[PDB]
>>> print(open('target-v2.pdb').read())   # PDB, C-alpha atoms
MODEL        1
ATOM      1  CA  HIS A   1     -12.011  51.672  44.992  1.00  0.00           C
ATOM      2  CA  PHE A   2      -8.815  49.847  46.026  1.00  0.00           C
ATOM      3  CA  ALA A   3      -5.044  49.982  45.423  1.00  0.00           C
ATOM      4  CA  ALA A   4      -2.083  47.688  44.642  1.00  0.00           C
ATOM      5  CA  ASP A   5      -2.174  44.643  46.958  1.00  0.00           C
ATOM      6  CA  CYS A   6       0.911  42.958  48.462  1.00  0.00           C
ATOM      7  CA  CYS A   7       1.617  39.758  50.423  1.00  0.00           C
ATOM      8  CA  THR A   8       2.958  40.059  53.986  1.00  0.00           C
ATOM      9  CA  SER A   9       3.657  36.319  54.317  1.00  0.00           C
ATOM     10  CA  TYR A  10       3.192  33.169  52.203  1.00  0.00           C
ATOM     11  CA  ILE A  11       1.080  30.177  53.294  1.00  0.00           C
ATOM     12  CA  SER A  12       2.819  27.548  55.462  1.00  0.00           C
ATOM     13  CA  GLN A  13       1.792  24.620  53.234  1.00  0.00           C
ATOM     14  CA  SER A  14       0.881  23.816  49.614  1.00  0.00           C
ATOM     15  CA  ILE A  15      -1.439  26.418  48.045  1.00  0.00           C
ATOM     16  CA  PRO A  16      -5.143  25.542  48.137  1.00  0.00           C
ATOM     17  CA  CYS A  17      -5.501  25.715  44.332  1.00  0.00           C
ATOM     18  CA  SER A  18      -8.381  23.209  44.611  1.00  0.00           C
ATOM     19  CA  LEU A  19     -10.580  26.086  45.862  1.00  0.00           C
ATOM     20  CA  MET A  20      -9.259  29.195  44.068  1.00  0.00           C
ATOM     21  CA  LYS A  21     -11.339  30.700  41.240  1.00  0.00           C
ATOM     22  CA  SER A  22      -8.659  33.168  40.066  1.00  0.00           C
ATOM     23  CA  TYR A  23      -5.171  34.515  40.892  1.00  0.00           C
ATOM     24  CA  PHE A  24      -3.378  37.891  40.638  1.00  0.00           C
ATOM     25  CA  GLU A  25       0.213  39.155  40.955  1.00  0.00           C
ATOM     26  CA  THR A  26       0.949  42.167  43.188  1.00  0.00           C
ATOM     27  CA  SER A  27       2.770  45.315  42.013  1.00  0.00           C
ATOM     28  CA  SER A  28       6.586  45.443  41.801  1.00  0.00           C
ATOM     29  CA  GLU A  29       6.331  48.788  43.631  1.00  0.00           C
ATOM     30  CA  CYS A  30       5.988  46.939  46.960  1.00  0.00           C
ATOM     31  CA  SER A  31       9.240  46.095  48.789  1.00  0.00           C
ATOM     32  CA  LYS A  32       8.212  42.454  48.275  1.00  0.00           C
ATOM     33  CA  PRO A  33       6.184  40.999  45.401  1.00  0.00           C
ATOM     34  CA  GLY A  34       3.899  37.955  45.700  1.00  0.00           C
ATOM     35  CA  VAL A  35       0.818  36.426  44.032  1.00  0.00           C
ATOM     36  CA  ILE A  36      -2.468  36.029  45.935  1.00  0.00           C
ATOM     37  CA  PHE A  37      -5.149  33.568  44.792  1.00  0.00           C
ATOM     38  CA  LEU A  38      -8.796  34.653  45.131  1.00  0.00           C
ATOM     39  CA  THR A  39     -11.117  31.875  46.350  1.00  0.00           C
ATOM     40  CA  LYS A  40     -14.754  31.701  45.204  1.00  0.00           C
ATOM     41  CA  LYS A  41     -15.823  31.167  48.840  1.00  0.00           C
ATOM     42  CA  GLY A  42     -14.588  34.725  49.478  1.00  0.00           C
ATOM     43  CA  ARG A  43     -10.988  34.350  50.713  1.00  0.00           C
ATOM     44  CA  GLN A  44      -7.373  35.124  49.733  1.00  0.00           C
ATOM     45  CA  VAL A  45      -4.090  33.173  49.941  1.00  0.00           C
ATOM     46  CA  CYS A  46      -0.524  34.552  49.799  1.00  0.00           C
ATOM     47  CA  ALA A  47       2.077  32.698  47.704  1.00  0.00           C
ATOM     48  CA  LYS A  48       5.614  33.385  46.446  1.00  0.00           C
ATOM     49  CA  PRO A  49       6.334  34.553  42.900  1.00  0.00           C
ATOM     50  CA  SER A  50       7.657  31.144  41.778  1.00  0.00           C
ATOM     51  CA  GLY A  51       6.264  28.840  44.494  1.00  0.00           C
ATOM     52  CA  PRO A  52       6.353  25.133  43.651  1.00  0.00           C
ATOM     53  CA  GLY A  53       2.894  24.489  42.168  1.00  0.00           C
ATOM     54  CA  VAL A  54       1.776  28.126  42.563  1.00  0.00           C
ATOM     55  CA  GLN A  55       2.441  28.829  38.876  1.00  0.00           C
ATOM     56  CA  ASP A  56       0.573  25.634  37.976  1.00  0.00           C
ATOM     57  CA  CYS A  57      -2.461  26.855  39.940  1.00  0.00           C
ATOM     58  CA  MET A  58      -2.498  30.196  38.099  1.00  0.00           C
ATOM     59  CA  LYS A  59      -1.929  28.387  34.783  1.00  0.00           C
ATOM     60  CA  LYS A  60      -5.049  26.250  35.235  1.00  0.00           C
ATOM     61  CA  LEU A  61      -6.924  29.385  36.372  1.00  0.00           C
ATOM     62  CA  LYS A  62      -6.507  30.805  32.849  1.00  0.00           C
ATOM     63  CA  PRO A  63      -8.643  29.179  30.159  1.00  0.00           C
ATOM     64  CA  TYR A  64      -6.568  29.467  26.960  1.00  0.00           C
ATOM     65  CA  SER A  65      -6.386  26.027  25.303  1.00  0.00           C
ATOM     66  CA  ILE A  66      -7.312  27.058  21.742  1.00  0.00           C
TER      67      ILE A  66
ENDMDL
END
>>> encode(input="target-v2.pdb", output="structure tokens")
Amino acid sequence: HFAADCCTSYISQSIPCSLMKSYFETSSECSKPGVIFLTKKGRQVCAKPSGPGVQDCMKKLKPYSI
């Protein structure tokens, strides 16, 4: 029961990938895209589309080594 999410601002420091269980990209329909990581502790972080290390965090969040 939700809709497309969007980031209003990116974090001010490196992304906390050491505590995120998954990650998701917003919809291009928003005036500004962005990928938010979902933390297992029940939280959300806002990051750019190609943030330095942000893509590495989402890469490790996807088990596909086979």
>>> resolve_selection(input="target-v2.pdb", expression="the PyMOL selection byres ((chain A and resi 45) around 10)", output="PyMOL selection string")
chain A and resi 7+9-11+15-17+20+23+35-39+43-44+46-47
>>> atom_distance(input="target-v2.pdb", atom1="CA of residue 3 (chain A)", atom2="CA of residue 18 (chain A)")
27.0 Å
>>> atom_distance(input="target-v2.pdb", atom1="CA of residue 28 (chain A)", atom2="CA of residue 51 (chain A)")
16.8 Å
>>> closest_residue(input="target-v2.pdb", among="A:50, A:55, A:65, A:26", to="residue 5 (chain A)", atoms="all atoms listed in the file")
A:26
>>> resolve_selection(input="target-v2.pdb", expression="the PyMOL selection byres ((chain A and resi 32) around 10)", output="list in words")
residues 6, 7, 8, 9, 26, 27, 28, 29, 30, 31, 33, 34, 48 and 49 of chain A
>>> axis_aligned_box(input="target-v2.pdb", around="region 54-66 of chain A", padding_each_side="5 Å", output="JSON")
{"center_x": -3.1, "center_y": 28.2, "center_z": 32.2, "size_x": 21.1, "size_y": 15.2, "size_z": 30.8}
